[PDB]
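Okay, structure first, notes after.
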Amino acid sequence: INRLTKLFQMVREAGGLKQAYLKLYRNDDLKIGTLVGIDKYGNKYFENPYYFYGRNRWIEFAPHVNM
Amino acid sequence: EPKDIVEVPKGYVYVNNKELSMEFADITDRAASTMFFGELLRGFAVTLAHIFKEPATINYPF
Amino acid sequence: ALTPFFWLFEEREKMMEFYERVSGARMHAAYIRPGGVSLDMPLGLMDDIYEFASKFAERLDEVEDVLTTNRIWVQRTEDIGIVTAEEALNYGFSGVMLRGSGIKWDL
Amino acid sequence: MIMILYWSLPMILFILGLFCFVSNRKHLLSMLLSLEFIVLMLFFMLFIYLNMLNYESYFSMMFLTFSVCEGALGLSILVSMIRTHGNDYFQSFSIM
Amino acid sequence: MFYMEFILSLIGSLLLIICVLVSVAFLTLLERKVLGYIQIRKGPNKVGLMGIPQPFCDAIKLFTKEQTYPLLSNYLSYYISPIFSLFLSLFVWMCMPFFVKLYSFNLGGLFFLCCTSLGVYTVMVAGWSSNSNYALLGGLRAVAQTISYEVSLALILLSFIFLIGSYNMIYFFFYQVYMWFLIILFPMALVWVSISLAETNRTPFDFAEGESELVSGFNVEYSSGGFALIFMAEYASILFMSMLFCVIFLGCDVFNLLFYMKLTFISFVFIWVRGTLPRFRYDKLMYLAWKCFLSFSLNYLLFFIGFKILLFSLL
Amino acid sequence: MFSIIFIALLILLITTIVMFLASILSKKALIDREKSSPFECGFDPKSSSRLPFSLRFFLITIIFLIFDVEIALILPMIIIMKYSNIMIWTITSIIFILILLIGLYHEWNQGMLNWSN
Amino acid sequence: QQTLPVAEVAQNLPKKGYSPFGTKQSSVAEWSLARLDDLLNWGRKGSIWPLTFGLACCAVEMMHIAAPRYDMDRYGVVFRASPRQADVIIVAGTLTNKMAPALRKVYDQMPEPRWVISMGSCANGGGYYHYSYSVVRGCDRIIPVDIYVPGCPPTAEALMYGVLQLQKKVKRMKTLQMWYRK
Amino acid sequence: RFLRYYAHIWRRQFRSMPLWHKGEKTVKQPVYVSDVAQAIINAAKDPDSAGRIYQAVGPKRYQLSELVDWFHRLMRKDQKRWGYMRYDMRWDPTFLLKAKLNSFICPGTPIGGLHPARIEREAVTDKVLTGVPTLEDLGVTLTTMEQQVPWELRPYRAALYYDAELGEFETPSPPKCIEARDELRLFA
Amino acid sequence: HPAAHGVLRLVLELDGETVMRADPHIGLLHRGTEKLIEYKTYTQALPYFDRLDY
Amino acid sequence: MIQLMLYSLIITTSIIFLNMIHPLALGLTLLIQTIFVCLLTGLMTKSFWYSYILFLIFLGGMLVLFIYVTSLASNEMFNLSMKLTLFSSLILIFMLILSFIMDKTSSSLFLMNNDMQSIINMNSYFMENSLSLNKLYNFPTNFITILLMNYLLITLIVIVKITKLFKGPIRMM
Ligand SMILES: COC1=C(OC)C(=O)C(C/C=C(\C)CC/C=C(\C)CC/C=C(\C)CC/C=C(\C)CC/C=C(\C)CC/C=C(/C)CC/C=C(\C)CC/C=C(\C)CCC=C(C)C)=C(C)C1=O
Ligand code: SF4
């Protein structure tokens, strides 16, 4: 009923539909989270208590890996 | 409620003990479900209800 | 039937977190030992054991609705494999097989 | 001739049906197989003749009803065959 | 002119053939997603983008995988049975009513009855040709299915036919213009779905496959090429039989868009049921068809013979 | 018809091409004496599949042949209701369906519909 | 052990690309085969069908991989019964001598290309019963093994990580590109 | 590519077997592969065997016509029922076309092992030189064809779906080797 | 067979589909557990029982 | 035109049918022919209603005899007859050649198709099978249908009495 407002937001931090699509194509999901930190190798760690326990904390792999 | 075929002692629970009533009020109730798939109907409501839940899958390895 | 397998193995997955949280292995805990268990429960486990139990009645009801009163389920089970009580005792039967046929026995 | 240009083919097919019904095959079922082969050809001719009439093809149903019953009865006798001889081979029957 | 007319008929069949062949690929995905959501799972979500290209990603494998040449099988029969299984699945679509004519098909309702019966031989021959114990049990488990549903199927079709006046499927549109026969025929709709499941050999009537009773039923001895066509031929049956439910009970507005929203929904119902009911017992089905359905169906022929007679007097 | 036959052949050709592609597109490896052995849960088979498979629904199997041939006589009903005498059509049709039901219930009560036991 | 690149060093590295063969093929024919070789691998990679072997108490954790928590099916992995349609075999449990001829046959009946996964210590090297008088000391004695998943039982994620290793192993096959050189 | 090259569908012509001269002027000494492998390893364990030539031949010599007859008896593909018959390959030119077509069409490997190079192998009769050591010098004990071949061809047998009763297929007669003197007469 | 749980070997005697005799061939999972225990200290033998009735 | 080719095929399949020995070989031959005869009959008629019925009726008989073939004659053998394949293929092409060079206005059957009827025939503008199947359910011929009913029901009593279900299953002992 109002998930589109969330959906548009995910695009904005994603960087437009072009970067949103590549995110969806890579992580298989679009999620809102706060950047907890960044490791030495570039992986970015996110957290959002909104989601349930297992999916609460997730990681973005470094861009250069790519698959 | 119907009666129990076997009286139950203390600290024991029976699974198939209640007998089947023979009043028309009940036979028709059993007949209606047996005749319009009534038992299976609620089975279909339950399964459809699970469509509207967040699935419990985790997006491994992320 | 397929769904009861998945609706229950979701709860089974939660339960084997308690095995994993006390013993360190999801299966084959090797926790009970002759002198008693090998470690104390972690602080705050029992709250999560309660949390699982408080919700487990609902999970079992939903499977019950789809299975217990199902007309097909009864036909696939009713009067299949009858074990008369006097037969069971002679056979070394035990557990539900013994109590399935009306014997009041539970160690 | 008219009979040769129009009715020869079904008749030649019919006699070939009979020659199946008499040839030496071990299993009784070989007779039943060839039985409804002939019936199939009888239908074909009967359907030629019924169509020379403008509206009389309804009798095809009458014929088909008797076709199945002789096949159905033919199959029942085979069942009774098995539960006295144990097998349906022709050579298993007393030659008389 | 006339020479041109039949060219269009070719195009329609080819267009309908490729479209049905494509849809059964995407139906299989839909089956996995929906059946993955009734179960609290997520379903195929990784391959390609959000899982949509999954069924194509499987069609690659089943064709780059070697044929199996069973040692004890009559190879020619074992090799051909997949062809006719798929052919009979596609061929029965030529009778699906179009107001933009594709094939006239007066007596189209019968043409359904002939074609669906043929689908049993392909299972039957494949099982016997494979020459494996399980395959043979699968085949003879499939034949016993026909002995059950076949007779009751015709009678139930006859009841619907009495309502419309002819065996031409087009008339279903005109009579379902104000309302839907689902209302008048609610128990038959419920019964008809039940028989429809037997036609396509689905849970709770999954005996030809017989998964977990026979290892894989009559498919147990098939592999890359043959098994694929057996699979596609299976889901083409679901898609058609789902459509045949939409033309009988749900309006039959083939040119409207909603008719295809309806068609997929009945396809969902077929998956929905597979995730609800356990399989019947091999004998309980045959008893069900003869003890209950056959007696049930005959009872309403009287009800509709009287109703048509009564209605005939008024009109 | 003649339109349908042509498309019937055209489809059969198309489906035939599909495996003829599969037979070539399929990976090819040397066939082993065990690869082509039958599948019977990994243990060699005791019994050929071509042994006599006993039958228990034989009686129903025969009754199936009959009941169909009465489907040949009910199907024409609708087509000839506008054109027939209503008494003759009504009477005959009913005593057609009553005969069928009576036959069915008679055997059902005699227990023939039950399988061999 | 080769350690991962640092961020700043990795901050320059080009994007990896999907194909493990790169787009550096000299000729058109080679390049087309390379791309065509990806199409095969993409196919086989996507839909890996285990056989539902499930011998011993690894088998239980082989059910929870299909459970909703981890959902093998998300990756295109679909359990199947007949070895003809099955593509991969997950030998999970203790392969005793009485079983050994049965596994060999079931594996043989599987059509190529077939990959084997060894689950748990029992199937890896005989595990806890390594010295028993009636245990085959590891399934690699009987059938070739393509991935070894250690554990006892392996965690559900551990097996999932194993399956993804098999996808990557499939992804880099050179079935066509090596025909050209042959 | 020897017991399969003669059991394959391509090699036949609907039931037949085009053999050069009907195979009656070809004499062969096939050796079981395991015996050859044993020879290679035994030669590897010994240094005395270095720098020498060894001939790996079976214990018996057979005419190519005699062998192929025996296979088709083992394979239950007898002429009486199955319809097996031997051409003379020189008479039918269709066969040579099949190989020439077969070689061209297939990119990876010829089907049924059939291609003109393989044909010439079949025609040439084995010429075991005198005085060159044989595997018996290496200690290998050669297996006869009668020992092994009847088990090689079990999965190629015809009408293998039958479930024959015991005795319904009679044991085939063994092949007749060719004596050394007979080879002189056979070759004039 | 999937229902057999990968261990059981029922050598059924099928008269059609009805079973006349069932021979549960067992031992496909015999791992001589009870002979290994005779060689192991009591503590070392505790894990063996996690495996029984797994 | 295909009518002649249908003549050739029905002849061809009949020649081989005389030479089948294996029951399933007979069945496959018969099943193929049931298609052609069904097709051919509808050519020379105002409708294909009877081809549908005939096809449906025989398919019922096709399944049942497989069930008994698979129980009685399960273990039997095939033999490809190179004499037969050449002979049928030889005549088949020979027959197909004639149908191309035939005066196929002469070979067509005189039975009046629906289109072969005149335009004035008022009775040809009704439903496809109205009149033809009509008097199957009108006085006096209706009683024949009624007579079948007892005949079919009385048959249904014959099979159970011949069969004697209670004394066991059927096996090829
Ligand atoms: C663990 O417990 C459990 C069990 O116990 C063992 C179970 O059994 C089960 C059992 C599960 C089930 C029965 C689920 C249902 C699934 C099955 C029965 C089988 C599995 C397979 C699927 C779901 C995949 C579906 C699709 C298929 C099998 C293939 C069908 C054929 C298809 C899709 C082809 C369609 C044809 C087309 C022309 C489409 C368009 C084009 C293509 C495909 C062409 C592809 C590519 C090319 C031509 C290349 C061209 C390239 C160039 C020109 C360069 C579960 C879930 C379980 O949890
Ligand atoms: S490896 Fe461990 S978990 Fe797996 S079967 Fe063996 S004892 Fe059980």
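In the structure tokens, chains take the letters A, B, ... in the order shown, each chain's residues start at 1, and ligands count up from 1 in the order shown.
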Item to check | Within 9 Å of ligand 2, counting only C-alpha atoms and all ligand atoms, residues as JSON, numbers by chain | outcome: {"C": [27, 28], "G": [55, 56, 57, 58, 59, 60, 61, 92, 93, 94, 119, 120, 121, 122, 123, 124, 126, 127, 128, 129, 150, 151, 152, 153, 154], "I": [47, 48, 50, 51, 54]}
Next on the checklist: Please find the residues contacting ligand 1 at a distance of at most 6 Å between atoms, with only C-alpha atoms and all ligand atoms counted, and report them as JSON, numbers by chain.
Outcome noted: {"E": [21, 22, 25, 28, 55, 56, 58, 59, 60, 228, 231, 232], "G": [52, 63, 66, 79, 80]}
Filtering to N, CA and C atoms, could you give me those residues as a PDB file, in the first residue's frame?
```
ATOM      1  N   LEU E  21       4.213 -23.592 -25.591  1.00  0.00           N
ATOM      2  CA  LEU E  21       5.490 -24.187 -25.222  1.00  0.00           C
ATOM      3  C   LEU E  21       6.287 -23.251 -24.328  1.00  0.00           C
ATOM      4  N   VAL E  22       6.232 -21.952 -24.609  1.00  0.00           N
ATOM      5  CA  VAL E  22       6.902 -20.981 -23.755  1.00  0.00           C
ATOM      6  C   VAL E  22       6.241 -20.929 -22.387  1.00  0.00           C
ATOM      7  N   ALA E  25       7.095 -23.537 -19.828  1.00  0.00           N
ATOM      8  CA  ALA E  25       8.375 -23.255 -19.193  1.00  0.00           C
ATOM      9  C   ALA E  25       8.195 -22.298 -18.024  1.00  0.00           C
ATOM     10  N   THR E  28       6.339 -23.779 -14.958  1.00  0.00           N
ATOM     11  CA  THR E  28       7.158 -24.562 -14.046  1.00  0.00           C
ATOM     12  C   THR E  28       7.855 -23.667 -13.038  1.00  0.00           C
ATOM     13  N   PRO E  55      13.542 -21.324 -15.542  1.00  0.00           N
ATOM     14  CA  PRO E  55      13.168 -22.496 -16.346  1.00  0.00           C
ATOM     15  C   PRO E  55      14.011 -22.641 -17.591  1.00  0.00           C
ATOM     16  N   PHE E  56      14.412 -21.529 -18.205  1.00  0.00           N
ATOM     17  CA  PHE E  56      15.332 -21.626 -19.327  1.00  0.00           C
ATOM     18  C   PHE E  56      16.674 -22.155 -18.861  1.00  0.00           C
ATOM     19  N   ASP E  58      17.198 -24.323 -16.809  1.00  0.00           N
ATOM     20  CA  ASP E  58      17.093 -25.767 -16.690  1.00  0.00           C
ATOM     21  C   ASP E  58      16.961 -26.463 -18.034  1.00  0.00           C
ATOM     22  N   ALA E  59      16.301 -25.832 -19.002  1.00  0.00           N
ATOM     23  CA  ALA E  59      16.182 -26.432 -20.325  1.00  0.00           C
ATOM     24  C   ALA E  59      17.544 -26.645 -20.962  1.00  0.00           C
ATOM     25  N   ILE E  60      18.543 -25.859 -20.564  1.00  0.00           N
ATOM     26  CA  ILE E  60      19.899 -26.093 -21.047  1.00  0.00           C
ATOM     27  C   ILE E  60      20.390 -27.449 -20.572  1.00  0.00           C
ATOM     28  N   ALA E 228      12.678 -34.716 -20.566  1.00  0.00           N
ATOM     29  CA  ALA E 228      12.248 -33.331 -20.713  1.00  0.00           C
ATOM     30  C   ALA E 228      10.886 -33.252 -21.383  1.00  0.00           C
ATOM     31  N   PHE E 231       8.177 -34.192 -19.280  1.00  0.00           N
ATOM     32  CA  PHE E 231       7.862 -33.148 -18.317  1.00  0.00           C
ATOM     33  C   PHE E 231       7.015 -32.053 -18.946  1.00  0.00           C
ATOM     34  N   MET E 232       7.449 -31.530 -20.094  1.00  0.00           N
ATOM     35  CA  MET E 232       6.697 -30.463 -20.739  1.00  0.00           C
ATOM     36  C   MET E 232       5.297 -30.930 -21.096  1.00  0.00           C
TER      37      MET E 232
ATOM     38  N   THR G  52      18.962 -37.352  -3.473  1.00  0.00           N
ATOM     39  CA  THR G  52      18.245 -37.766  -2.267  1.00  0.00           C
ATOM     40  C   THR G  52      18.783 -39.098  -1.754  1.00  0.00           C
ATOM     41  N   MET G  63      18.432 -32.552   5.030  1.00  0.00           N
ATOM     42  CA  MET G  63      17.057 -32.090   4.902  1.00  0.00           C
ATOM     43  C   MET G  63      16.952 -30.611   5.230  1.00  0.00           C
ATOM     44  N   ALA G  66      17.254 -28.096   2.630  1.00  0.00           N
ATOM     45  CA  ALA G  66      16.006 -27.857   1.924  1.00  0.00           C
ATOM     46  C   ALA G  66      14.958 -27.187   2.798  1.00  0.00           C
ATOM     47  N   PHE G  79      15.724 -31.520  -5.256  1.00  0.00           N
ATOM     48  CA  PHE G  79      15.920 -32.931  -4.974  1.00  0.00           C
ATOM     49  C   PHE G  79      15.120 -33.780  -5.949  1.00  0.00           C
ATOM     50  N   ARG G  80      15.676 -34.935  -6.285  1.00  0.00           N
ATOM     51  CA  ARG G  80      15.043 -35.860  -7.207  1.00  0.00           C
ATOM     52  C   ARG G  80      15.366 -37.269  -6.748  1.00  0.00           C
TER      53      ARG G  80
END
```
Next on the checklist: Using only C-alpha atoms, I'd like every residue of chain G that has an atom within 7 Å of chain B; please write them out as a list in words.
Outcome noted: residues 68, 69, 70 and 71 of chain G
How about saving the chosen residues, N, CA, C and O atoms kept, as a short mmCIF file (atom, residue, chain, number, x, y, z; two decimals), in the first residue's frame?
```cif
data_model
loop_
_atom_site.label_atom_id
_atom_site.label_comp_id
_atom_site.auth_asym_id
_atom_site.auth_seq_id
_atom_site.Cartn_x
_atom_site.Cartn_y
_atom_site.Cartn_z
N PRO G 68 13.19 -24.17 5.17
CA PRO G 68 13.01 -22.77 4.80
C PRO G 68 14.11 -21.85 5.25
O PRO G 68 14.26 -20.77 4.68
N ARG G 69 14.89 -22.23 6.27
CA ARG G 69 15.92 -21.33 6.76
C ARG G 69 16.96 -21.05 5.68
O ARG G 69 17.39 -19.91 5.51
N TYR G 70 17.37 -22.08 4.94
CA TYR G 70 18.44 -21.96 3.95
C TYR G 70 17.98 -22.18 2.52
O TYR G 70 18.52 -21.53 1.62
N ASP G 71 17.02 -23.06 2.28
CA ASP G 71 16.29 -23.08 1.02
C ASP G 71 17.23 -23.33 -0.16
O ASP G 71 17.50 -22.44 -0.97
#
```
Item to check | Contacts of residue 24 in chain E within 10 Å, only C-alpha atoms, excl. fewer than 3 positions in-chain, as a list in words | outcome: residues 19, 20, 21, 27, 28, 29, 30, 55, 231, 232, 233, 234, 235, 236, 237, 238 and 239 of chain E
Go ahead and dump the residues you just picked, N, CA, C and O atoms, as a PDB file, in the first residue's frame.
```
ATOM      1  N   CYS E  19       3.630 -20.280 -28.149  1.00  0.00           N
ATOM      2  CA  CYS E  19       3.175 -19.582 -26.953  1.00  0.00           C
ATOM      3  C   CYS E  19       2.870 -20.558 -25.827  1.00  0.00           C
ATOM      4  O   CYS E  19       3.201 -20.295 -24.667  1.00  0.00           O
ATOM      5  N   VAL E  20       2.237 -21.685 -26.140  1.00  0.00           N
ATOM      6  CA  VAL E  20       1.998 -22.692 -25.113  1.00  0.00           C
ATOM      7  C   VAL E  20       3.314 -23.298 -24.653  1.00  0.00           C
ATOM      8  O   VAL E  20       3.529 -23.510 -23.457  1.00  0.00           O
ATOM      9  N   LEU E  21       4.213 -23.592 -25.591  1.00  0.00           N
ATOM     10  CA  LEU E  21       5.490 -24.187 -25.222  1.00  0.00           C
ATOM     11  C   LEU E  21       6.287 -23.251 -24.328  1.00  0.00           C
ATOM     12  O   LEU E  21       6.975 -23.694 -23.402  1.00  0.00           O
ATOM     13  N   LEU E  27       5.344 -21.674 -16.501  1.00  0.00           N
ATOM     14  CA  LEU E  27       4.488 -22.298 -15.500  1.00  0.00           C
ATOM     15  C   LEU E  27       5.319 -23.068 -14.488  1.00  0.00           C
ATOM     16  O   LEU E  27       5.044 -23.026 -13.285  1.00  0.00           O
ATOM     17  N   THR E  28       6.339 -23.779 -14.958  1.00  0.00           N
ATOM     18  CA  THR E  28       7.158 -24.562 -14.046  1.00  0.00           C
ATOM     19  C   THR E  28       7.855 -23.667 -13.038  1.00  0.00           C
ATOM     20  O   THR E  28       7.990 -24.029 -11.865  1.00  0.00           O
ATOM     21  N   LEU E  29       8.319 -22.497 -13.473  1.00  0.00           N
ATOM     22  CA  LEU E  29       8.835 -21.526 -12.519  1.00  0.00           C
ATOM     23  C   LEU E  29       7.749 -21.115 -11.540  1.00  0.00           C
ATOM     24  O   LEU E  29       7.953 -21.138 -10.322  1.00  0.00           O
ATOM     25  N   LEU E  30       6.580 -20.739 -12.060  1.00  0.00           N
ATOM     26  CA  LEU E  30       5.486 -20.327 -11.192  1.00  0.00           C
ATOM     27  C   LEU E  30       5.158 -21.412 -10.180  1.00  0.00           C
ATOM     28  O   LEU E  30       4.905 -21.122  -9.007  1.00  0.00           O
ATOM     29  N   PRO E  55      13.542 -21.324 -15.542  1.00  0.00           N
ATOM     30  CA  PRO E  55      13.168 -22.496 -16.346  1.00  0.00           C
ATOM     31  C   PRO E  55      14.011 -22.641 -17.591  1.00  0.00           C
ATOM     32  O   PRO E  55      14.319 -23.766 -18.000  1.00  0.00           O
ATOM     33  N   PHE E 231       8.177 -34.192 -19.280  1.00  0.00           N
ATOM     34  CA  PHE E 231       7.862 -33.148 -18.317  1.00  0.00           C
ATOM     35  C   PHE E 231       7.015 -32.053 -18.946  1.00  0.00           C
ATOM     36  O   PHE E 231       5.971 -31.675 -18.406  1.00  0.00           O
ATOM     37  N   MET E 232       7.449 -31.530 -20.094  1.00  0.00           N
ATOM     38  CA  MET E 232       6.697 -30.463 -20.739  1.00  0.00           C
ATOM     39  C   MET E 232       5.297 -30.930 -21.096  1.00  0.00           C
ATOM     40  O   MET E 232       4.318 -30.205 -20.890  1.00  0.00           O
ATOM     41  N   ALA E 233       5.182 -32.144 -21.630  1.00  0.00           N
ATOM     42  CA  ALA E 233       3.870 -32.685 -21.951  1.00  0.00           C
ATOM     43  C   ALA E 233       2.988 -32.742 -20.722  1.00  0.00           C
ATOM     44  O   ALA E 233       1.765 -32.619 -20.825  1.00  0.00           O
ATOM     45  N   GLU E 234       3.588 -32.929 -19.550  1.00  0.00           N
ATOM     46  CA  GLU E 234       2.807 -32.958 -18.324  1.00  0.00           C
ATOM     47  C   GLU E 234       2.197 -31.593 -18.034  1.00  0.00           C
ATOM     48  O   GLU E 234       0.994 -31.480 -17.783  1.00  0.00           O
ATOM     49  N   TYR E 235       3.011 -30.539 -18.070  1.00  0.00           N
ATOM     50  CA  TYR E 235       2.533 -29.218 -17.692  1.00  0.00           C
ATOM     51  C   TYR E 235       1.711 -28.554 -18.780  1.00  0.00           C
ATOM     52  O   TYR E 235       0.958 -27.625 -18.482  1.00  0.00           O
ATOM     53  N   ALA E 236       1.832 -29.001 -20.026  1.00  0.00           N
ATOM     54  CA  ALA E 236       0.894 -28.543 -21.042  1.00  0.00           C
ATOM     55  C   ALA E 236      -0.511 -29.023 -20.726  1.00  0.00           C
ATOM     56  O   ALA E 236      -1.489 -28.310 -20.966  1.00  0.00           O
ATOM     57  N   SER E 237      -0.631 -30.231 -20.180  1.00  0.00           N
ATOM     58  CA  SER E 237      -1.940 -30.744 -19.801  1.00  0.00           C
ATOM     59  C   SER E 237      -2.573 -29.873 -18.728  1.00  0.00           C
ATOM     60  O   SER E 237      -3.760 -29.541 -18.804  1.00  0.00           O
ATOM     61  N   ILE E 238      -1.795 -29.490 -17.716  1.00  0.00           N
ATOM     62  CA  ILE E 238      -2.324 -28.631 -16.661  1.00  0.00           C
ATOM     63  C   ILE E 238      -2.836 -27.335 -17.260  1.00  0.00           C
ATOM     64  O   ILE E 238      -3.936 -26.873 -16.945  1.00  0.00           O
ATOM     65  N   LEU E 239      -2.043 -26.730 -18.139  1.00  0.00           N
ATOM     66  CA  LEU E 239      -2.402 -25.426 -18.671  1.00  0.00           C
ATOM     67  C   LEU E 239      -3.701 -25.498 -19.454  1.00  0.00           C
ATOM     68  O   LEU E 239      -4.586 -24.654 -19.282  1.00  0.00           O
TER      69      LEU E 239
END
```
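Proximity to range 41-45 of chain C at 9 Å, evaluated using only C-alpha atoms and with sequence-adjacent residues fewer than 3 positions away removed, yields residues 18, 21, 22, 23, 48, 49 and 50 of chain C.
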Keeping only N, CA and C atoms, write the selected residues as a PDB file, in the first residue's frame.
```
ATOM      1  N   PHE C  18      19.264 -24.035  20.271  1.00  0.00           N
ATOM      2  CA  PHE C  18      19.519 -24.257  21.689  1.00  0.00           C
ATOM      3  C   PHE C  18      20.559 -25.345  21.885  1.00  0.00           C
ATOM      4  N   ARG C  21      23.651 -23.578  21.090  1.00  0.00           N
ATOM      5  CA  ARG C  21      24.022 -22.511  22.002  1.00  0.00           C
ATOM      6  C   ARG C  21      24.575 -23.019  23.319  1.00  0.00           C
ATOM      7  N   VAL C  22      24.241 -24.241  23.716  1.00  0.00           N
ATOM      8  CA  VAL C  22      24.769 -24.824  24.939  1.00  0.00           C
ATOM      9  C   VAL C  22      25.945 -25.745  24.655  1.00  0.00           C
ATOM     10  N   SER C  23      25.841 -26.579  23.627  1.00  0.00           N
ATOM     11  CA  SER C  23      26.872 -27.566  23.349  1.00  0.00           C
ATOM     12  C   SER C  23      27.889 -27.082  22.336  1.00  0.00           C
ATOM     13  N   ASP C  48      15.108 -17.477  25.826  1.00  0.00           N
ATOM     14  CA  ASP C  48      14.824 -17.879  24.457  1.00  0.00           C
ATOM     15  C   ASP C  48      14.158 -19.243  24.388  1.00  0.00           C
ATOM     16  N   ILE C  49      14.404 -20.119  25.359  1.00  0.00           N
ATOM     17  CA  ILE C  49      13.660 -21.371  25.388  1.00  0.00           C
ATOM     18  C   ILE C  49      12.191 -21.091  25.639  1.00  0.00           C
ATOM     19  N   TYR C  50      11.900 -20.157  26.541  1.00  0.00           N
ATOM     20  CA  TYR C  50      10.520 -19.757  26.768  1.00  0.00           C
ATOM     21  C   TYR C  50       9.913 -19.168  25.506  1.00  0.00           C
TER      22      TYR C  50
END
```
Please identify every residue of chain J that has at least one atom no farther than 10 Å from an atom of chain I, counting only C-alpha atoms, and for each give the shortest atom pair and the distance in Å to one decimal, arranged by chain then increasing number, as JSON lines.
```
{"residue": "J:71", "atom": "CA", "partner": "I:16", "partner_atom": "CA", "distance": 9.9}
{"residue": "J:169", "atom": "CA", "partner": "I:16", "partner_atom": "CA", "distance": 9.2}
{"residue": "J:170", "atom": "CA", "partner": "I:16", "partner_atom": "CA", "distance": 9.8}
{"residue": "J:171", "atom": "CA", "partner": "I:15", "partner_atom": "CA", "distance": 9.0}
```
N, CA and C atoms of the current selection, written as a PDB file, in the first residue's frame:
```pdb
ATOM      1  N   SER J  71      -0.580 -59.108 -18.477  1.00  0.00           N
ATOM      2  CA  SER J  71      -0.714 -60.132 -17.452  1.00  0.00           C
ATOM      3  C   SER J  71      -0.622 -61.548 -17.985  1.00  0.00           C
ATOM      4  N   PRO J 169      -7.561 -63.624  -7.710  1.00  0.00           N
ATOM      5  CA  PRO J 169      -7.093 -62.798  -8.826  1.00  0.00           C
ATOM      6  C   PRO J 169      -6.803 -63.661 -10.050  1.00  0.00           C
ATOM      7  N   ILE J 170      -6.250 -63.025 -11.078  1.00  0.00           N
ATOM      8  CA  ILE J 170      -5.815 -63.700 -12.296  1.00  0.00           C
ATOM      9  C   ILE J 170      -4.307 -63.576 -12.418  1.00  0.00           C
ATOM     10  N   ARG J 171      -3.649 -64.721 -12.558  1.00  0.00           N
ATOM     11  CA  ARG J 171      -2.223 -64.808 -12.806  1.00  0.00           C
ATOM     12  C   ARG J 171      -2.011 -65.876 -13.869  1.00  0.00           C
TER      13      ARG J 171
END
```
Checklist entry - Excluding same-chain residues fewer than 2 positions from residue 50 in chain A, what lies within 12 Å of it counting only C-alpha atoms, as a PyMOL selection string? => result chain A and resi 31-34+47-48+52-57
Take the residues just selected and output them with N, CA and C atoms as a compact mmCIF listing (two decimals), in the first residue's frame.
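Okay, this is what ended up in out15.txt:
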```
# COMPACT_ATOMS: atom_id res chain seq x y z
N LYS A 31 17.64 -3.71 0.30
CA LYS A 31 17.37 -3.56 1.72
C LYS A 31 17.90 -2.23 2.20
N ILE A 32 17.21 -1.65 3.18
CA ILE A 32 17.61 -0.40 3.81
C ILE A 32 18.39 -0.72 5.07
N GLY A 33 19.57 -0.14 5.21
CA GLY A 33 20.35 -0.35 6.42
C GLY A 33 21.34 0.77 6.63
N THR A 34 21.84 0.84 7.85
CA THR A 34 22.84 1.82 8.23
C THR A 34 24.22 1.18 8.16
N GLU A 47 23.29 -2.83 9.07
CA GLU A 47 22.42 -3.36 10.10
C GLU A 47 21.10 -2.60 10.08
N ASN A 48 20.02 -3.33 10.31
CA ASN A 48 18.70 -2.73 10.43
C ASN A 48 17.81 -3.63 11.27
N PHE A 52 13.85 -9.25 10.43
CA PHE A 52 13.89 -10.24 11.49
C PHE A 52 15.31 -10.77 11.67
N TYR A 53 15.47 -11.60 12.70
CA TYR A 53 16.77 -11.80 13.32
C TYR A 53 17.83 -12.25 12.33
N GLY A 54 17.53 -13.28 11.55
CA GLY A 54 18.55 -13.83 10.66
C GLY A 54 19.04 -12.84 9.63
N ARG A 55 18.13 -12.06 9.06
CA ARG A 55 18.46 -11.10 8.01
C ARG A 55 18.79 -9.73 8.58
N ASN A 56 19.06 -9.65 9.88
CA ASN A 56 19.22 -8.36 10.53
C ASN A 56 20.52 -7.67 10.11
N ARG A 57 21.60 -8.42 9.98
CA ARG A 57 22.91 -7.87 9.65
C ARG A 57 23.38 -8.51 8.35
```
